[PDB]
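Here the structure is laid out as structure tokens; the discussion comes afterwards.
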Amino acid sequence: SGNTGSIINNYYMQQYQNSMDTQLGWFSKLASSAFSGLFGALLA
Amino acid sequence: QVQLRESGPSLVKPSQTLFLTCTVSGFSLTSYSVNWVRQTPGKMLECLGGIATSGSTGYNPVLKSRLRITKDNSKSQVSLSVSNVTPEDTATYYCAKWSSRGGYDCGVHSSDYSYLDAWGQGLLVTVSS
Amino acid sequence: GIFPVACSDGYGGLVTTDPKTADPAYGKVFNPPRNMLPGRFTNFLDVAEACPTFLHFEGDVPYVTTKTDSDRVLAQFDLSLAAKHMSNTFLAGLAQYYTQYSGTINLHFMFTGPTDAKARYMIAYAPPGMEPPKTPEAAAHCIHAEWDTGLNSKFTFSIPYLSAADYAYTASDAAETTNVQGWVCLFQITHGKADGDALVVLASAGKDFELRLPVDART
Amino acid sequence: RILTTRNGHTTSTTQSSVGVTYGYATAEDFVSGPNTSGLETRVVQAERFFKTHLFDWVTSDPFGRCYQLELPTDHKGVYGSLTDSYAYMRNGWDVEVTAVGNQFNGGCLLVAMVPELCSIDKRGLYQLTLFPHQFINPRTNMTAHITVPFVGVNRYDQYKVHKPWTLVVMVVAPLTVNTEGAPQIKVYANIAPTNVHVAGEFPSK
Amino acid sequence: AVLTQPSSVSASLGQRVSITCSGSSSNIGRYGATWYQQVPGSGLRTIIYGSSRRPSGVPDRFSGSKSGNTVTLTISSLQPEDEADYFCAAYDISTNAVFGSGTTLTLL
Amino acid sequence: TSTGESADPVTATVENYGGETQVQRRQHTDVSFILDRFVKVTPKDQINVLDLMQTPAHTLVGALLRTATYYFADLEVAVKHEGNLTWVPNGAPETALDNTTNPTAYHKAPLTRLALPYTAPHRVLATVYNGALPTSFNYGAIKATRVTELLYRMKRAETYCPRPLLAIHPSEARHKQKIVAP
């Protein structure tokens, strides 16, 4: 994911390697909503 | 008859612990709680607290963290402790009995159906540097 | 040839808290059978939730004696596990070693007076925003519970853990002065002929008391 | 381009507006988390506009002029007593600022709700467009409409200790244009706490 | 001492003496205050408990009543043995009782 | 082109007069890569807390961390020490740091790299706080007899809510810097 190479899996489990996120129940979604198209007729 | 005799030290140097006692006589401490109230020279009364028949007790909130009251249920004497006395703690110290099983806090000082009927003669505690 | 490896200049030392299982010495020893043995508790907070212990009140007793006035306040204490009132319970004694809890502390009150005398008490949790309540009328508003004494005396209460952080510390660091977890109270809203009749209190863990980040302390 | 808005029973309608600007999200995130034990209770009688006067920018007012109102300000009635009477309050903001340009004042103005703002320095204003902003030029429009959700490290925030959102309305175009227009253009703010929740009740006096 | 007391009052024998003790909404009215007596040189006795009652062992000439936020001690007859300091004391919402200054009552 | 100031991103794309935009390769400018690098931090002799804000302001990881208000990071500290250093979790007693039960490590090598998990109480951390940040924004603390140099890493970072970044203001136009060359 991050900076790591290490094509082999971590020796230690993920739980002892890092911490685990718990679930409940944008700017890349703003950049692609970008008004690229020109407002008026391109001529020539 | 019921009477309360209080024995303690007088003339002690400030910044020192105070060991007061109220030998209780005439009745079983298990049936009537005792409260401690003091009187500064002149005319004032600053309730110190009391100990119910049961172990639980209470103290004055502004004077708490410098009061600890034990109860020898056999010798029938109740004791005070003052952590560090200042030249203003000088007062006339009394011990008093409520008519009900629990009157440990300062709440017994004003009550609808309970009073403090028996008061010790009072000791005058003097501290000065 | 031989297989090359690169011994890292770093992270070769003893962490002192690392899943490492030390290498084998004097093996093939079959310890005596210790199967089907009574009172086996896999983890802590299974014993704390199940075996409640007393709390400490003024004069070194686990009970708070009913006062004789009709409306008065009883034992009021901070909520954090380092609270002098819980200084002698199993829950606080164990949460000492951990840095942050995330659960509802559970209080049991059982009445010990004679069947002659009834009494009706209430306990009210007060968040950390404003001074604690001082009268039942001024405390009825916050989360509270009322109960009358009867054939069954034990009345539990689940002190709700609600805080602005998903976890909350178990050791009140000296920096602040009014506990950030808020006070609980216990009031004499009325009593019968019971004066100086002991109400013993208990503490426990709730259905979800989760404890994490164990740390050391001189104790 | 009429935009008629509405919150509770208070409605704000602008004859000429440019468009609502969502910031950092389109709807509130998960509400009843694991901390508050599900004792959260949504308030709906508190989602209403309130008018809050703000600075009056004149021709003498240079480029860098920033006036930031700490977000949530003193309130009267629902959402004012509430923070006093409840603990761990949460609410997303709908913010509105209206300056009457008169169409002859070309001085531009930039209004942007910033995340726990701390007195942004003169250098910081140039890259201050990163935060959700609508910069209202009076010739183009006379009102700014921004809506943002509650954003803090804490799941709920005790508004009595710190306030998470801050309006920052700075004069982006240098000075102002007063070529037979409005003498001075004073700017107000229709702020409206939307999607509010509360957790714990205080012992009342 | 954190209550209002009317200094020291006087009267002659067989005269009615009314000593008022004025407090605050938190300290008095919620709970009726109590009335003490202290003979110069001797200890405290309780004269009114519950703001309106008498302790047994105290004669009937002492009568107290509570109104609003002030209470009043009424000695229906005075005697030479009723000259002493009179303190009013009441439980405050602060969990500490607040005491009067003492209405030395001198007989003429 | 020609749109109103409604705060909506508009990109010319370099083809609105002629030609076609190239397929830019975007990598190692994202929030994980650029924040996975190590960074020396001035360490308080014999005792110090791990507050990512302690990073120097004028640094790659330092500035590109201060660019975001809220950040979640697991931290890989790499300490040079002189004796056993111990790392207490986030909400832990000053006396607790000098213990062997709480994770410490023995002087084994030049530097001892620890993977310190994310142990904060709050949902996520913050780089600026309304009201110095609270004393609760921490990754525990460490304590050696001396610490010669400290190093943070922000592993698997995920940041939120961008903040203004600043470049050095040149005294003259086109401020110049001496570039490496033979």
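Residues are named by chain letter and number: chains run A, B, ... in the order of the structure tokens, numbers start at 1 in each chain, and ligands are numbered from 1 in the order shown.
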Pull out every residue of chain D that has at least one atom within 9 Å of chain C, counting only C-alpha atoms, and report them as a list in words.
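Residues satisfying the distance criterion: residues 33, 34, 35, 36, 37, 38, 39, 84, 86, 87, 88, 153, 154, 155, 156, 157, 158, 160, 199, 200, 201, 202, 203, 204 and 205 of chain D.
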Would you pick out the contacts of residue 12 of chain A at 12 Å or less, using only C-alpha atoms, so that residues sharing its chain but fewer than 6 positions from it are not included, and give the list as a VMD selection string?
(chain A and resid 18) or (chain C and resid 18 to 20) or (chain F and resid 115)
Nearest to residue 14 of chain B by atom-to-atom distance, counting only C-alpha atoms, from B:112, B:105, B:89, B:117:
B:89
Taking only C-alpha atoms into account and nothing else, which residues of chain A lie no more than 10 Å away from chain D? Please answer as a PyMOL selection string.
chain A and resi 23-27+30
Please list as a list in words every residue within 10 Å of residue 129 of chain F, counting only C-alpha atoms and excluding residues in the same chain fewer than 5 positions away.
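Near residue 129 of chain F, the qualifying residues are residues 115, 116, 117, 118, 152, 153, 162, 163 and 164 of chain D; 69, 70 and 134 of chain F.
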Excluding residue 107 of chain F and its own-chain neighbours fewer than 3 positions away, which residues fall within 12 Å of it when counting only C-alpha atoms? Please give them as a ChimeraX atom specification.
/C:10-15 /F:79-86,104,110-113,144-147
Based on the backbone DSSP call, show me all residues of chain A assigned helix (DSSP H, G or I), as a list in words.
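Those in chain A that DSSP calls helix (DSSP H, G or I) are residues 14, 15, 16, 17, 27, 28, 29, 30 and 31 of chain A.
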Would you save the residues of that selection, restricted to N, CA, C and O atoms, as an mmCIF file, in the first residue's frame?
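Result file follows (result18.cif):
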data_model
loop_
_atom_site.group_PDB
_atom_site.id
_atom_site.type_symbol
_atom_site.label_atom_id
_atom_site.label_comp_id
_atom_site.auth_asym_id
_atom_site.auth_seq_id
_atom_site.Cartn_x
_atom_site.Cartn_y
_atom_site.Cartn_z
ATOM 1 N N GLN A 14 -1.123 -9.229 10.924
ATOM 2 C CA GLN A 14 -1.498 -7.827 10.778
ATOM 3 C C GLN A 14 -1.853 -7.213 12.124
ATOM 4 O O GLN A 14 -1.563 -6.036 12.377
ATOM 5 N N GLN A 15 -2.458 -8.004 13.011
ATOM 6 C CA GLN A 15 -2.883 -7.489 14.307
ATOM 7 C C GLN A 15 -1.696 -7.037 15.145
ATOM 8 O O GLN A 15 -1.781 -6.034 15.860
ATOM 9 N N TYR A 16 -0.586 -7.769 15.087
ATOM 10 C CA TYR A 16 0.588 -7.372 15.853
ATOM 11 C C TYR A 16 1.494 -6.469 15.035
ATOM 12 O O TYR A 16 2.443 -5.882 15.568
ATOM 13 N N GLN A 17 1.231 -6.357 13.737
ATOM 14 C CA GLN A 17 2.029 -5.476 12.897
ATOM 15 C C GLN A 17 1.567 -4.034 13.034
ATOM 16 O O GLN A 17 2.379 -3.121 13.221
ATOM 17 N N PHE A 27 -11.890 14.506 -2.242
ATOM 18 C CA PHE A 27 -11.284 15.427 -3.191
ATOM 19 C C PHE A 27 -10.985 14.773 -4.528
ATOM 20 O O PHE A 27 -10.925 15.472 -5.542
ATOM 21 N N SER A 28 -10.800 13.456 -4.561
ATOM 22 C CA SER A 28 -10.723 12.770 -5.843
ATOM 23 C C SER A 28 -12.098 12.618 -6.474
ATOM 24 O O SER A 28 -12.201 12.365 -7.677
ATOM 25 N N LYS A 29 -13.155 12.752 -5.675
ATOM 26 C CA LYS A 29 -14.514 12.836 -6.190
ATOM 27 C C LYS A 29 -14.911 14.265 -6.516
ATOM 28 O O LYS A 29 -15.998 14.486 -7.057
ATOM 29 N N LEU A 30 -14.063 15.235 -6.183
ATOM 30 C CA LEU A 30 -14.299 16.615 -6.578
ATOM 31 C C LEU A 30 -13.496 16.975 -7.819
ATOM 32 O O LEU A 30 -13.970 17.736 -8.666
ATOM 33 N N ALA A 31 -12.282 16.436 -7.943
ATOM 34 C CA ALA A 31 -11.459 16.720 -9.113
ATOM 35 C C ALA A 31 -12.112 16.195 -10.383
ATOM 36 O O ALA A 31 -12.137 16.879 -11.409
#
Those of chain B in DSSP strand (DSSP E or B), formatted as a ChimeraX atom specification:
/B:3-7,18,21-25,34-39,46-51,57-59,70-72,77-79,82,91-98,116-119,123-125
Now that the selection is made, can you save its residues with C-alpha atoms as a PDB file, in the first residue's frame?
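File part37.pdb, as written:
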ATOM      1  CA  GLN B   3     -22.960  13.387  79.607  1.00  0.00           C
ATOM      2  CA  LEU B   4     -20.089  14.015  77.155  1.00  0.00           C
ATOM      3  CA  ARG B   5     -16.549  14.675  78.533  1.00  0.00           C
ATOM      4  CA  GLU B   6     -14.040  15.974  75.961  1.00  0.00           C
ATOM      5  CA  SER B   7     -10.293  15.590  76.470  1.00  0.00           C
ATOM      6  CA  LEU B  18      -4.635  17.753  66.617  1.00  0.00           C
ATOM      7  CA  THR B  21     -11.541  12.998  71.934  1.00  0.00           C
ATOM      8  CA  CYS B  22     -15.087  13.064  73.325  1.00  0.00           C
ATOM      9  CA  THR B  23     -15.383  10.309  75.928  1.00  0.00           C
ATOM     10  CA  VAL B  24     -19.080   9.479  75.648  1.00  0.00           C
ATOM     11  CA  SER B  25     -20.798   8.384  78.855  1.00  0.00           C
ATOM     12  CA  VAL B  34     -22.135  12.278  67.681  1.00  0.00           C
ATOM     13  CA  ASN B  35     -21.410  15.503  65.810  1.00  0.00           C
ATOM     14  CA  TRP B  36     -18.504  17.892  66.311  1.00  0.00           C
ATOM     15  CA  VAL B  37     -19.120  21.633  66.176  1.00  0.00           C
ATOM     16  CA  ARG B  38     -16.644  24.360  67.093  1.00  0.00           C
ATOM     17  CA  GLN B  39     -16.964  27.964  68.218  1.00  0.00           C
ATOM     18  CA  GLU B  46     -18.531  26.363  62.053  1.00  0.00           C
ATOM     19  CA  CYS B  47     -19.863  22.804  61.879  1.00  0.00           C
ATOM     20  CA  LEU B  48     -17.053  20.256  61.572  1.00  0.00           C
ATOM     21  CA  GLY B  49     -19.004  17.051  61.030  1.00  0.00           C
ATOM     22  CA  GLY B  50     -20.099  13.929  62.813  1.00  0.00           C
ATOM     23  CA  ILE B  51     -20.052  10.148  62.854  1.00  0.00           C
ATOM     24  CA  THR B  57     -19.660   9.730  58.464  1.00  0.00           C
ATOM     25  CA  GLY B  58     -19.407  13.190  56.854  1.00  0.00           C
ATOM     26  CA  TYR B  59     -17.545  16.456  57.236  1.00  0.00           C
ATOM     27  CA  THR B  70     -12.719   7.515  64.382  1.00  0.00           C
ATOM     28  CA  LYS B  71     -14.968   5.602  66.761  1.00  0.00           C
ATOM     29  CA  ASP B  72     -13.876   3.193  69.494  1.00  0.00           C
ATOM     30  CA  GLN B  77     -15.080   7.580  72.943  1.00  0.00           C
ATOM     31  CA  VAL B  78     -15.102   9.371  69.598  1.00  0.00           C
ATOM     32  CA  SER B  79     -12.057  11.204  68.285  1.00  0.00           C
ATOM     33  CA  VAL B  82      -7.120  18.125  62.276  1.00  0.00           C
ATOM     34  CA  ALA B  91     -11.921  27.824  68.917  1.00  0.00           C
ATOM     35  CA  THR B  92     -14.127  26.215  71.550  1.00  0.00           C
ATOM     36  CA  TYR B  93     -14.686  22.618  70.456  1.00  0.00           C
ATOM     37  CA  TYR B  94     -17.883  20.744  71.347  1.00  0.00           C
ATOM     38  CA  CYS B  95     -19.190  17.235  70.806  1.00  0.00           C
ATOM     39  CA  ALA B  96     -22.926  16.672  70.453  1.00  0.00           C
ATOM     40  CA  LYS B  97     -25.436  13.817  70.214  1.00  0.00           C
ATOM     41  CA  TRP B  98     -28.323  13.430  67.732  1.00  0.00           C
ATOM     42  CA  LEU B 116     -28.696  17.834  69.249  1.00  0.00           C
ATOM     43  CA  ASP B 117     -29.825  17.558  72.846  1.00  0.00           C
ATOM     44  CA  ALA B 118     -26.609  16.592  74.670  1.00  0.00           C
ATOM     45  CA  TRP B 119     -23.558  18.854  74.368  1.00  0.00           C
ATOM     46  CA  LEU B 123     -12.607  22.470  75.161  1.00  0.00           C
ATOM     47  CA  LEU B 124     -10.772  25.633  74.122  1.00  0.00           C
ATOM     48  CA  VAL B 125      -8.024  24.825  71.607  1.00  0.00           C
TER      49      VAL B 125
END
Segment 72-76 of chain C surroundings by only C-alpha atoms, 10 Å radius, close-in-sequence under 5 positions cut, as a PyMOL selection string
(chain B and resi 56+58+105+107) or (chain C and resi 56-58+63-67+85+121-125+132-136+183-190) or (chain E and resi 31+93+95)
Can I get the selected residues back with N, CA, C and O atoms, as a compact mmCIF listing (two decimals), in the first residue's frame?
# COMPACT_ATOMS: atom_id res chain seq x y z
N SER B 56 -20.12 4.87 58.34
CA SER B 56 -20.18 6.04 57.42
C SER B 56 -20.37 7.34 58.20
O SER B 56 -21.21 7.37 59.12
N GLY B 58 -19.53 12.09 57.79
CA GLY B 58 -19.41 13.19 56.85
C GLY B 58 -18.74 14.37 57.54
O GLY B 58 -18.65 14.43 58.76
N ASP B 105 -23.14 14.04 59.12
CA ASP B 105 -22.81 15.27 58.35
C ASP B 105 -23.26 16.55 59.07
O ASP B 105 -23.71 16.47 60.23
N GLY B 107 -25.72 18.28 57.95
CA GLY B 107 -27.18 18.24 57.67
C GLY B 107 -27.98 18.15 58.97
O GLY B 107 -29.14 18.59 58.98
N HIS C 56 -15.85 2.31 48.45
CA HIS C 56 -15.47 3.02 49.66
C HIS C 56 -16.08 4.39 49.93
O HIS C 56 -15.97 5.29 49.09
N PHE C 57 -16.70 4.55 51.08
CA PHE C 57 -17.31 5.81 51.47
C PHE C 57 -16.64 6.33 52.73
O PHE C 57 -15.76 5.69 53.30
N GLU C 58 -17.05 7.54 53.15
CA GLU C 58 -16.48 8.20 54.35
C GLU C 58 -16.47 7.25 55.55
O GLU C 58 -17.48 6.56 55.76
N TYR C 63 -21.06 1.15 52.90
CA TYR C 63 -22.45 1.59 52.91
C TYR C 63 -22.53 3.08 53.19
O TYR C 63 -21.64 3.65 53.82
N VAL C 64 -23.60 3.70 52.73
CA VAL C 64 -23.89 5.09 53.02
C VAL C 64 -25.17 5.16 53.84
O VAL C 64 -26.25 4.83 53.35
N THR C 65 -25.03 5.51 55.12
CA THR C 65 -26.16 5.52 56.09
C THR C 65 -27.21 6.57 55.71
O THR C 65 -26.83 7.74 55.54
N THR C 66 -28.48 6.16 55.61
CA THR C 66 -29.59 7.10 55.31
C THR C 66 -29.65 8.18 56.39
O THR C 66 -29.78 7.82 57.57
N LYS C 67 -29.66 9.45 55.97
CA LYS C 67 -29.74 10.62 56.89
C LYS C 67 -31.20 10.80 57.34
O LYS C 67 -32.10 10.24 56.69
N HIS C 85 -13.72 6.89 46.03
CA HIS C 85 -14.85 6.03 46.34
C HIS C 85 -14.72 4.64 45.74
O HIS C 85 -15.26 3.69 46.31
N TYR C 121 -34.69 6.09 47.22
CA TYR C 121 -33.50 6.84 46.84
C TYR C 121 -33.42 6.99 45.33
O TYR C 121 -34.04 6.23 44.59
N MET C 122 -32.64 7.97 44.88
CA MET C 122 -32.35 8.11 43.46
C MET C 122 -30.90 8.44 43.15
O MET C 122 -30.24 9.14 43.92
N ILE C 123 -30.40 7.92 42.03
CA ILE C 123 -29.04 8.15 41.57
C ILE C 123 -29.10 8.83 40.21
O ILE C 123 -29.86 8.39 39.34
N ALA C 124 -28.30 9.87 40.02
CA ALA C 124 -28.37 10.68 38.82
C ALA C 124 -26.98 10.98 38.30
O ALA C 124 -26.15 11.55 39.02
N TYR C 125 -26.72 10.61 37.05
CA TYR C 125 -25.46 10.88 36.39
C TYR C 125 -25.46 12.29 35.80
O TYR C 125 -26.43 12.72 35.18
N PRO C 132 -21.84 19.89 39.60
CA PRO C 132 -22.71 18.75 39.85
C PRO C 132 -23.99 19.21 40.52
O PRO C 132 -24.04 20.31 41.10
N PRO C 133 -25.04 18.41 40.46
CA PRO C 133 -26.29 18.78 41.13
C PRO C 133 -26.13 18.73 42.64
O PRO C 133 -25.24 18.07 43.18
N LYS C 134 -26.99 19.46 43.34
CA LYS C 134 -26.89 19.52 44.83
C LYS C 134 -28.22 19.16 45.48
O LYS C 134 -28.23 18.94 46.71
N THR C 135 -29.31 19.12 44.71
CA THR C 135 -30.63 18.75 45.28
C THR C 135 -31.36 17.82 44.31
O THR C 135 -31.06 17.88 43.11
N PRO C 136 -32.28 16.95 44.78
CA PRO C 136 -32.99 16.02 43.89
C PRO C 136 -33.80 16.79 42.84
O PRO C 136 -33.83 16.37 41.70
N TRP C 183 -19.97 13.68 37.29
CA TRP C 183 -20.25 13.14 38.61
C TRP C 183 -21.53 12.32 38.59
O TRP C 183 -22.44 12.55 37.79
N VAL C 184 -21.61 11.36 39.50
CA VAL C 184 -22.85 10.67 39.81
C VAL C 184 -23.25 11.06 41.23
O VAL C 184 -22.43 11.52 42.02
N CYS C 185 -24.52 10.88 41.54
CA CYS C 185 -25.05 11.34 42.81
C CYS C 185 -25.95 10.27 43.39
O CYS C 185 -26.26 9.27 42.74
N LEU C 186 -26.35 10.46 44.64
CA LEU C 186 -27.24 9.54 45.32
C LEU C 186 -28.00 10.33 46.38
O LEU C 186 -27.39 10.88 47.29
N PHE C 187 -29.32 10.38 46.24
CA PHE C 187 -30.09 11.35 47.00
C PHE C 187 -31.11 10.65 47.89
O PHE C 187 -31.53 9.53 47.61
N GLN C 188 -31.50 11.33 48.96
CA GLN C 188 -32.52 10.88 49.90
C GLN C 188 -33.67 11.73 49.39
O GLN C 188 -33.70 12.94 49.63
N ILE C 189 -34.63 11.12 48.70
CA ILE C 189 -35.65 11.99 48.11
C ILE C 189 -36.75 11.80 49.15
O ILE C 189 -37.58 12.70 49.34
N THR C 190 -36.78 10.65 49.83
CA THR C 190 -37.59 10.47 51.02
C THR C 190 -37.26 9.11 51.62
O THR C 190 -36.86 8.20 50.90
N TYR E 31 -35.38 23.85 54.09
CA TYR E 31 -35.33 23.13 55.39
C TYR E 31 -35.41 24.15 56.53
O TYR E 31 -34.62 25.12 56.51
N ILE E 93 -27.45 24.70 50.98
CA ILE E 93 -27.41 23.74 49.86
C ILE E 93 -25.95 23.38 49.55
O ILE E 93 -25.72 22.44 48.77
N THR E 95 -23.85 22.08 51.45
CA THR E 95 -23.60 20.89 52.32
C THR E 95 -22.89 21.34 53.61
O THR E 95 -22.25 20.49 54.25
Select, from C:47, C:199, C:175, C:82, the residue with the minimum atom-to-atom distance to chain F, counting only C-alpha atoms.
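Ranked by minimum distance to chain F, first place goes to C:175.
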Segment 58-74 of chain D surroundings by only C-alpha atoms, 7 Å radius, close-in-sequence under 5 positions cut, as an MDAnalysis selection string:
chainID D and resid 80 122 163:176 184:185
Can I get the selected residues back with N, CA and C atoms, as a compact mmCIF listing (two decimals), in the first residue's frame?
# COMPACT_ATOMS: atom_id res chain seq x y z
N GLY D 80 -29.60 27.77 21.50
CA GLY D 80 -28.81 28.69 22.33
C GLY D 80 -28.79 28.18 23.75
N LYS D 122 -1.19 36.52 7.21
CA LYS D 122 -1.34 37.23 5.91
C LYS D 122 -0.95 36.32 4.75
N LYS D 163 -15.03 25.54 19.40
CA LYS D 163 -16.00 25.53 18.27
C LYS D 163 -15.29 25.07 16.99
N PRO D 164 -15.76 23.98 16.34
CA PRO D 164 -15.14 23.42 15.14
C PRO D 164 -15.14 24.23 13.83
N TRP D 165 -16.24 24.91 13.49
CA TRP D 165 -16.27 25.65 12.20
C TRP D 165 -16.10 27.15 12.42
N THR D 166 -15.50 27.86 11.45
CA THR D 166 -15.32 29.29 11.55
C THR D 166 -15.54 29.92 10.19
N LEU D 167 -16.48 30.85 10.13
CA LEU D 167 -16.62 31.69 8.95
C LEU D 167 -15.37 32.53 8.81
N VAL D 168 -14.88 32.66 7.58
CA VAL D 168 -13.77 33.56 7.29
C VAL D 168 -14.13 34.30 6.02
N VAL D 169 -14.55 35.55 6.16
CA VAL D 169 -14.98 36.38 5.04
C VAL D 169 -13.96 37.49 4.84
N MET D 170 -13.14 37.35 3.81
CA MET D 170 -12.08 38.30 3.51
C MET D 170 -12.36 38.98 2.18
N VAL D 171 -11.90 40.21 2.04
CA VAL D 171 -12.05 40.97 0.81
C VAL D 171 -10.95 40.52 -0.16
N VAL D 172 -11.29 39.54 -0.99
CA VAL D 172 -10.31 38.99 -2.02
C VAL D 172 -9.89 40.00 -3.07
N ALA D 173 -10.81 40.84 -3.55
CA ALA D 173 -10.45 41.83 -4.60
C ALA D 173 -9.99 43.02 -3.74
N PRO D 174 -8.89 43.71 -4.10
CA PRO D 174 -8.40 44.83 -3.29
C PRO D 174 -9.47 45.93 -3.18
N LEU D 175 -9.64 46.45 -1.96
CA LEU D 175 -10.60 47.55 -1.66
C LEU D 175 -12.01 47.18 -2.12
N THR D 176 -12.67 48.13 -2.79
CA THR D 176 -14.05 47.96 -3.33
C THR D 176 -14.26 49.00 -4.43
N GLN D 184 -21.28 52.19 1.27
CA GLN D 184 -20.60 51.12 1.99
C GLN D 184 -21.53 49.91 2.00
N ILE D 185 -20.96 48.73 1.88
CA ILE D 185 -21.73 47.51 1.70
C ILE D 185 -21.52 46.64 2.94
For segment 31-80 of chain D against segment 191-196 of chain D, with a cut-off of 7 Å and counting only C-alpha atoms, what is the closest atom pair and its distance in Å to one decimal for every residue that makes the cut, ordered by chain and number, as a tab-separated table?
residue	atom	partner	partner_atom	distance
D:42	CA	D:196	CA	6.2
D:43	CA	D:196	CA	5.9
D:47	CA	D:194	CA	5.0
D:48	CA	D:192	CA	5.3
D:49	CA	D:192	CA	4.2
D:50	CA	D:191	CA	5.7
D:51	CA	D:191	CA	6.7
Would you mind exporting the chosen residues as a PDB file, in the first residue's frame, restricted to N, CA, C and O atoms?
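Final output, again.pdb:
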ATOM      1  N   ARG D  42     -32.089  13.323  18.530  1.00  0.00           N
ATOM      2  CA  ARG D  42     -32.056  14.388  17.543  1.00  0.00           C
ATOM      3  C   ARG D  42     -33.035  15.497  17.899  1.00  0.00           C
ATOM      4  O   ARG D  42     -34.178  15.249  18.280  1.00  0.00           O
ATOM      5  N   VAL D  43     -32.572  16.733  17.756  1.00  0.00           N
ATOM      6  CA  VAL D  43     -33.399  17.921  17.902  1.00  0.00           C
ATOM      7  C   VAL D  43     -33.723  18.423  16.508  1.00  0.00           C
ATOM      8  O   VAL D  43     -32.832  18.509  15.657  1.00  0.00           O
ATOM      9  N   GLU D  47     -33.199  23.558  14.007  1.00  0.00           N
ATOM     10  CA  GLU D  47     -32.636  23.758  12.673  1.00  0.00           C
ATOM     11  C   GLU D  47     -33.346  24.929  12.015  1.00  0.00           C
ATOM     12  O   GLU D  47     -34.275  24.761  11.228  1.00  0.00           O
ATOM     13  N   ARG D  48     -32.898  26.137  12.334  1.00  0.00           N
ATOM     14  CA  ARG D  48     -33.479  27.345  11.778  1.00  0.00           C
ATOM     15  C   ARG D  48     -32.400  28.397  11.592  1.00  0.00           C
ATOM     16  O   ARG D  48     -31.403  28.419  12.313  1.00  0.00           O
ATOM     17  N   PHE D  49     -32.605  29.271  10.611  1.00  0.00           N
ATOM     18  CA  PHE D  49     -31.680  30.368  10.363  1.00  0.00           C
ATOM     19  C   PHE D  49     -31.652  31.313  11.552  1.00  0.00           C
ATOM     20  O   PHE D  49     -32.595  31.343  12.343  1.00  0.00           O
ATOM     21  N   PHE D  50     -30.563  32.077  11.663  1.00  0.00           N
ATOM     22  CA  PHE D  50     -30.398  33.099  12.731  1.00  0.00           C
ATOM     23  C   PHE D  50     -29.635  34.099  11.857  1.00  0.00           C
ATOM     24  O   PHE D  50     -28.951  33.682  10.911  1.00  0.00           O
ATOM     25  N   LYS D  51     -29.762  35.391  12.182  1.00  0.00           N
ATOM     26  CA  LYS D  51     -29.141  36.483  11.388  1.00  0.00           C
ATOM     27  C   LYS D  51     -28.020  36.868  12.357  1.00  0.00           C
ATOM     28  O   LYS D  51     -28.276  36.915  13.572  1.00  0.00           O
TER      29      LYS D  51
END
Within 9 Å of segment 81-88 of chain E, counting only C-alpha atoms, which residues qualify if same-chain residues fewer than 2 places away don't, as number ranges by chain?
B: 43-45; E: 3, 5, 8, 19-21, 33-40, 47, 71, 75, 78-79, 90, 98-107
Of the listed residues A:20, A:5, A:34, A:42, that which approaches chain F most closely, counting only C-alpha atoms:
A:34
